[PDB]
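Asks: Chains as they are written, first to last, in the deposited numbering: chain 3, 3 to 121; chain e, 2 to 30, 38 to 51; chain c, 2 to 90; chain Z, 2 to 122.
Cβ coordinates follow ideal geometry from the N, Cα and C atoms, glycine included.
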RNA sequence: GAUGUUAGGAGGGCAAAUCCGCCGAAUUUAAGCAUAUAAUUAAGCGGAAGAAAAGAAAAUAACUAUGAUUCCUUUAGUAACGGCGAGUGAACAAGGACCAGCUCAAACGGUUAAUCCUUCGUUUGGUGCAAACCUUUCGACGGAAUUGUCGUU
RNA sequence: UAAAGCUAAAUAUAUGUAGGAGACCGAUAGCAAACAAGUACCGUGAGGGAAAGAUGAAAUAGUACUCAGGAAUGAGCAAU
RNA sequence: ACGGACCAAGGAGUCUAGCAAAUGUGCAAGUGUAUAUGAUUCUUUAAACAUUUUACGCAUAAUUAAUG
RNA sequence: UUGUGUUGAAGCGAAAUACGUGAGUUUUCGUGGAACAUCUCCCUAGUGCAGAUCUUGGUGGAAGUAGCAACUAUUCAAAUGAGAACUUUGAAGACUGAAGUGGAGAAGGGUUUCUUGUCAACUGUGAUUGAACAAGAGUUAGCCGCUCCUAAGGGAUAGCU
RNA sequence: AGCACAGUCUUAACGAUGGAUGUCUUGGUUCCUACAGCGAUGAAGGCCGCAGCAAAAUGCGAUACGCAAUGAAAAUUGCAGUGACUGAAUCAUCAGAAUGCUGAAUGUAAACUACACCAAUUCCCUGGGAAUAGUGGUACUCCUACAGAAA
Ligand SMILES: [Mg+2]
Ligand SMILES: [Mg+2]
Ligand SMILES: [Mg+2]
Ligand SMILES: [Mg+2]
Ligand SMILES: [Mg+2]
Ligand SMILES: [Mg+2]
Ligand SMILES: [Mg+2]
Ligand SMILES: [Mg+2]
Ligand SMILES: [Mg+2]
Ligand SMILES: [Mg+2]
Ligand SMILES: [Mg+2]
Ligand SMILES: [Mg+2]
Ligand SMILES: [Mg+2]
Ligand SMILES: [Mg+2]
Ligand SMILES: [Mg+2]
Ligand SMILES: [Mg+2]
Ligand SMILES: [Mg+2]
Ligand SMILES: [Mg+2]
Ligand SMILES: [Mg+2]
Ligand SMILES: [Mg+2]
Ligand SMILES: [Mg+2]
Ligand SMILES: [Mg+2]
Ligand SMILES: [Mg+2]
Ligand SMILES: [Mg+2]
Ligand SMILES: [Mg+2]
Ligand SMILES: [Mg+2]
Ligand SMILES: [Mg+2]
Ligand SMILES: [Mg+2]
Ligand SMILES: [Mg+2]
Ligand SMILES: [Mg+2]
Ligand SMILES: [Mg+2]
Ligand SMILES: [Mg+2]
Ligand SMILES: [Mg+2]
Ligand SMILES: [Mg+2]
Ligand SMILES: [Mg+2]
Ligand SMILES: [Mg+2]
Ligand SMILES: [Mg+2]
Ligand SMILES: [Mg+2]
Ligand SMILES: [Mg+2]
Ligand SMILES: [Mg+2]
Ligand SMILES: [Mg+2]
Ligand SMILES: [Mg+2]
Ligand SMILES: [Mg+2]
Ligand SMILES: [Mg+2]
Ligand SMILES: [Zn+2]
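Laid out in structure tokens, this is it:
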């Protein structure tokens with residue numbers, strides 16, 4: 003029934019091995035079901051779940067490795083890029099939006115909107 | 002007839018599957041049946 | 002004419018004008034014409050008309066699960082940065 | 002009432018009650034604790050668990066104490082040791098009691114319960 | 001100028017209540033009908049956003065003058081239009097909501113394009129458990145650009 | 001001071017999602033749809049488009065048992 | 001002459017705009033606080049309250065195509 | 001506003017030495033099983049039905065009536081079964097009469113095929129039958145097709161509108 | 001053991017038929033407030049799947065009525081089985097992972113699971129050792145940059 007916290011520590015090969023075993027077990031169960039049996043029909047669900055868990059663990063490991071590989075370097079795969087609503091991606095970064103023509107900037111610096119308490 | 006496209010065959014199969022009645026055990030915790045002669049799939 | 006306008010002529014009704022329509026699944030793909038009556042299938046465009054309000058309602062964005070759109074809803078509310086989990090323990 | 006984020010609206014409330022998730026259900030199957038228990042812990046009332054020992058107050062069995070057998074969050078009903086009842090068949094089932102109508106005496110107490118008590122304090 | 005599965009990017013479709021462009025009827029009213037009316041509406045086609053559009057005067061006034069746009073109250077069912085029939089019909093001022101101004105081009109700077117971008121980098125920081133982000137200034141190697149970038153007003 | 005350009009606010013919203021309200025409707029009403037409803041079903045097709053809520057406090061009380069019946073059912077001195 | 005086999009439920013002068021008359025009510029050469037503001041206004045409150053420490057409407061004057 | 005309700009509300013049914021000219025009101029008994037009035041005043045409206053070839057749903061008389069008459073035609077015995085004119089088997093008698101209710105395919109249908117069950121409805125008489133219902137099963141290709149070619153034609157590329 | 005003629009019509013009582021009335025109400029409607037886009041990073045829409053016993057809807061996507069993580073937190077139950085004594089059974093949350101075939105659909109096609117061509121691709125172990133015909137890519141228009149040819 004193997005829960006994830008055990009599996010994080012395992013190396014990828016070991017994980018793969020585990021997964022194959024689980025798959026084999028599942029296949030066996032399926033075969034049994036197909037044949038006139040209902041002894042361990044309900045065992046299958048758990049096995050399936052276990053398999054799923056294993057897959058998840060492995061997938062996340064793989065993703066982490068990928069991320070490590072493509073750390074920085076301007077361009078990246080579009081997977082490892084910031085998946086985010088298209089419009090937002092298109093949109094100008096806040097900094098870009100801010101960026102002021104030099105005269106305007108100067109003006110801002112000189113005559114900023116002051117605080118002035120009226121009495 | 003006796004020469005279908007794969008898609009059509011699959012659809013037919015789906016329809017057949019849909020046809021079958023409520024599994025009786027559920028009733029312890038159907039109106040969309042279709043008889044092949046009276047109501048057509050209209051494919 | 003035995004194959005006259007009514008019942009006799011309904012005997013000669015075999016052979017579909019429309020089949021199933023890749024895209025809409027609505028048995029309204031005119032085979033001979035190669036064009037769906039409720040889509041405009043080959044036209045990259047959905048063929049909907051403001052004169053058909055019922056039609057519009059029976060195929061809008063809400064009608065059918067929204068595999069991705071639904072998932073993205075709530076994200077604004079959350080405003081979580083992408084890639085980020087919660088703290089463990 | 003005074004905060005207008007919550008709804009008074011009867012319908013809405015009823016929907017919430019009936020269609021509540023499991024956590025909500027658990028929360029709203031609470032029971033009054035006896036005087037002794039109240040004195041012991043600042044708590045007035047607790048969500049009832051399996052091995053608690055309740056005294057029934059209302060219903061046909063206004064007095065029969067017993068260990069809670071099962072709590073059933075679908076129907077909002079606890080069942081109690083000996084509140085037995087034959088069906089038409091003869092099969093001896095437990096009679097359901099809603100936790101309004103019960104007051105819990107002896108307390109099932111795991112770490113979670115302890116934590117809850119501490120929080121209440 | 002073609003050409004490239006060259007390197008990097010963009011568009012396409014869905015959705016529409018409000019919104020912006022076109023395109024564009026007729027029923028209807030006139031006790032008929034033809035101009036009118038319906039209506040610069042419906043439908044059609046296209047395009048945006050959380051709002052859109054408008055907007056910083058080639059404006060109004062004729063005053064002791066006001067001062068971008070928008071919206072509300074009004075002006076006003078008024079001026080006006082109209083087989084002067086049916087019917088249609090604003091604007092300025094006034095009272096408010098809200099109030100925000102600006103930069104190109106042209107002028108000027110050649111004791112030198114000061115600009116700008118792509119790729120490759122380099123090394124201080126900040127929050128994060130990580131993931132990512134956030135900024136920091138520093139060069140190269142490319143190009144772009146004198147058929148004009150940047151500063152000055 | 002036309003023939004180049006930008007610009008927040010007050011404004012609108014019968015679409016969607018989420019809230020909240022009502023001198024609103026109460027199952028022939030109210031959305032077409034309180035229910036596996038844009039579902040079933042009809043139409044080649046564009047499209048058209050329903051009906052259908054309520055046992056009881058509790059079925060973890062949904063009809064045990066006996067008799068008559070081929071069975072459905074019926075009856076009970078039997079039963080929730 | 002037409003409609004009505006029967007029964008149940010549904011089923012038809014309504015709502016807005018602007019004008020008028022009638023009548024009630026307030027105030028009365030005035031009247032209406034319009035938008036909007038303000039409040040120690042905030043379940044009800046989308047009401048109620050208030051009107052800044054010469055707005056506008058209709059009326060108070062008519063008449064003329066008109067300068068008047 | 002000031003009240004009635006599980007010592008039984010609304011509703012409904014039948015009434016009543018009842019009241020009202022009348023719309024109605026009121027009360028009794030029964031059923032019913034939870035709400036209900038306000039006439040103290042006035043507020044509000046999707047406010048009152050016999051008609052609309054009204055709408056919707058239901059139910060009648062017609063009426064156990066019309067009718068269940070194309071395709072020449074059935075009969076005997078036995079079986080199965082609660083039950084057999086129309087299920088099965090046998091024996092007769094018949095018909096289709098290779099332009100066939102015969103064999104194969106196309107379109108269309110879509111599992112109707114098949115076995116085992118089986119009868120609530122349906123199979124306009126019956127029914128143990130069934131194309132109904134339920135449970136399972138069943139479609140095997142290098143050569144049969146599609147897949148390739150081009151046809152009448154279609155959709156596009158360039159432009160051009 | 002007897003006696004009512006029968007039918008038609010009427011009234012009352014007690015039933016059938018039907019679903020009115022009344023009572024409800026996880027629904028609608030209206031108004032108010034608030035935010036407000038999804039998509040070549042493959043959208044909406046459509047198909048096909050996915051449960052031990054599973055039709056619909058609901059949920060989900062070959063990790064398929066769910067995985068991870070977080071916050072609850074002892075059950076779930078029709079049976080089978082799985083769990084507790086807290087990453088576990090179940091809920092909510094949902095940011096990680098994943099997301100079949102399509103569809104703008106985009107390699108050519110389309111009543112095809114038809115067909116090209118270019119990369120062979122993928123995994124494991126710290127440069128080898130394993131797999132699988134599997135996996136990607138190739139649309140049109142456009143922009144910047146580069147390329148070597150054209151006048
Ligand atoms: Mg076919
Ligand atoms: Mg037929
Ligand atoms: Mg044709
Ligand atoms: Mg577009
Ligand atoms: Mg006319
Ligand atoms: Mg006329
Ligand atoms: Mg005419
Ligand atoms: Mg339009
Ligand atoms: Mg703008
Ligand atoms: Mg105005
Ligand atoms: Mg006026
Ligand atoms: Mg006009
Ligand atoms: Mg200008
Ligand atoms: Mg502009
Ligand atoms: Mg309805
Ligand atoms: Mg006549
Ligand atoms: Mg007449
Ligand atoms: Mg008649
Ligand atoms: Mg009639
Ligand atoms: Mg008056
Ligand atoms: Mg009453
Ligand atoms: Mg009416
Ligand atoms: Mg009526
Ligand atoms: Mg009537
Ligand atoms: Mg009448
Ligand atoms: Mg009728
Ligand atoms: Mg009749
Ligand atoms: Mg027969
Ligand atoms: Mg013969
Ligand atoms: Mg003959
Ligand atoms: Mg058969
Ligand atoms: Mg029959
Ligand atoms: Mg059979
Ligand atoms: Mg069948
Ligand atoms: Mg061959
Ligand atoms: Mg060819
Ligand atoms: Mg040709
Ligand atoms: Mg063409
Ligand atoms: Mg008699
Ligand atoms: Mg947008
Ligand atoms: Mg989990
Ligand atoms: Mg946890
Ligand atoms: Mg393609
Ligand atoms: Mg073909
Ligand atoms: Zn289509």
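Taking residue 69 (chain 3) and residue 82 (chain 3) to be in contact with their CB atoms under 8 angstroms, please state how far apart those CB atoms are, rounded to whole angstroms.
Replies: 6 angstroms
Asks: Which same chain residues, not among the five before or five after residue 62 (chain Z), have their C-beta less than 7 angstroms away from its C-beta?
Replies: 84
Asks: Can you check DSSP and say which residues form a bridge with residue 95 (chain Z)?
Replies: 85 (chain Z)
Asks: May I ask which residues mark the beginning and end of the alpha helix (DSSP H) holding residue 34 (chain 3)?
Replies: 14 to 36
Asks: Determine, for residue 21 (chain c), whether the minimum Cβ-Cβ distance to residues of chain 3 falls below 9 angstroms.
Replies: no
Asks: Taking the straight line between their C-alpha atoms, what separation do you get for residue 52 (chain c) and residue 12 (chain e)?
Replies: 32 angstroms
Asks: Quick check on residue 95 (chain 3): buried or exposed, where buried means 16 or more other Cβ atoms within 10 Å of its Cβ?
Replies: exposed
Asks: Can you name, in chain order, every residue of its own chain whose Cβ lies under 8 angstroms from the Cβ of residue 42 (chain Z), other than the five neighbours on each side?
Replies: 34, 118, 121, 122
Asks: Compute every distance between the C-beta of residue 45 (chain e) and the non-hydrogen atoms of ligand 2, then say whether any falls below 8 angstroms.
Replies: Within the chosen limit of 8 angstroms, ligand 2 reaches the beta carbon of residue 45 (chain e) through at least one heavy atom.
Asks: Can you tell me where the beta strand (DSSP E) holding residue 48 (chain Z) begins and where it ends?
Replies: 46 to 48
Asks: Which residues in the same chain as residue 63 (chain 3) place their Cβ atom closer than 7 angstroms to its Cβ, once the five residues preceding and following it in sequence are excluded?
Replies: 14
Asks: Would you list the residues sitting across from residue 31 (chain c) in a DSSP beta bridge?
Replies: 19 (chain c), 36 (chain c)
Asks: Would residue 58 (chain 3) pass as an interface residue toward chain c - the criterion being a Cβ-Cβ separation below 9 angstroms?
Replies: no
Asks: Since residue 130 (chain Z) sits in a beta bridge, which residues does DSSP pair it with?
Replies: Coverage of chain Z is limited to positions 2 through 122, which leaves residue 130 (chain Z) absent and any answer about it impossible.
Asks: Using a Cβ cut-off of 8 angstroms, pull out every chain c residue sitting near residue 86 (chain 3), in sequence order please.
Replies: 83
Asks: Hey, how far is the Cα of residue 66 (chain Z) from the Cα of residue 91 (chain Z)?
Replies: 24 angstroms
Asks: Can the beta-carbon of residue 55 (chain Z) be found closer than 9 angstroms to that of residue 29 (chain Z)?
Replies: no
Asks: Going along the chain, which residues of its own chain have a beta-carbon closer than 7 angstroms to the beta-carbon of residue 59 (chain c), five neighbours each way excluded?
Replies: None.
Asks: Can you look up residue 49 (chain 3) in the DSSP assignment and give me helix, strand or coil?
Replies: helix
Asks: Pull up the CB-CB distance for residue 45 (chain 3) and residue 57 (chain 3), whole angstroms please, since I reckon it's below 8 angstroms.
Replies: With 8 angstroms as the limit, residue 45 (chain 3) and residue 57 (chain 3) do not qualify as a contact, their Cβ atoms being about 19 angstroms apart.
Asks: List the endpoints of the continuous beta strand (DSSP E) containing residue 33 (chain Z).
Replies: Unbroken beta strand (DSSP E) run through residue 33 (chain Z): 31 to 34.
Asks: Would you verify that the beta carbon of residue 28 (chain c) is, or is not, closer than 9 angstroms to some beta carbon of chain e?
Replies: yes
Asks: Between the segment 16 to 31 of chain c and the segment 40 to 54 of chain c, do at least 3 Cβ pairs fall closer than 8 angstroms?
Replies: Cβ pair count under 8 angstroms is three or more, so yes.
Asks: Counting only runs that start and end within the segment 58 to 83 of chain c, where is the alpha helix (DSSP H) found for 4 or more residues in a row?
Replies: Taking only runs of at least 4 residues, the alpha helix (DSSP H) segments lying wholly in the segment 58 to 83 of chain c are 70 to 73, 76 to 79.
Asks: Please state the DSSP three-state secondary structure of residue 121 (chain 3).
Replies: The three-state secondary structure of residue 121 (chain 3), taken from DSSP, is coil.
Asks: Please confirm if residue 32 (chain c) has its CB atom under 9 angstroms from at least one CB of chain 3.
Replies: Judged by the 9 angstroms Cβ criterion, residue 32 (chain c) is not in contact with chain 3.
Asks: Please tell me whether residue 27 (chain Z) and residue 74 (chain Z) are closer than 9 angstroms, where the distance is taken between their beta carbons.
Replies: Between residue 27 (chain Z) and residue 74 (chain Z), the gap from beta carbon to beta carbon is short of 9 angstroms.
Asks: Quick one: what's got a C-beta closer than 6 angstroms to residue 71 (chain Z)'s C-beta in the same chain, skipping five residues either side?
Replies: Around residue 71 (chain Z): 80.
Asks: Let me check one thing: in DSSP terms, what residues is residue 105 (chain Z) bridge-paired to?
Replies: 34 (chain Z), 55 (chain Z)
Asks: Grab me the residues of residue 20 (chain c)'s own chain with a C-beta within less than 8 angstroms of its C-beta, minus the 5 sequence neighbours each way, in chain order.
Replies: 28, 30, 32
Asks: Does the Cβ of residue 22 (chain Z) have 16 or more other Cβ atoms within 10 Å, making it buried, or fewer, making it exposed?
Replies: exposed
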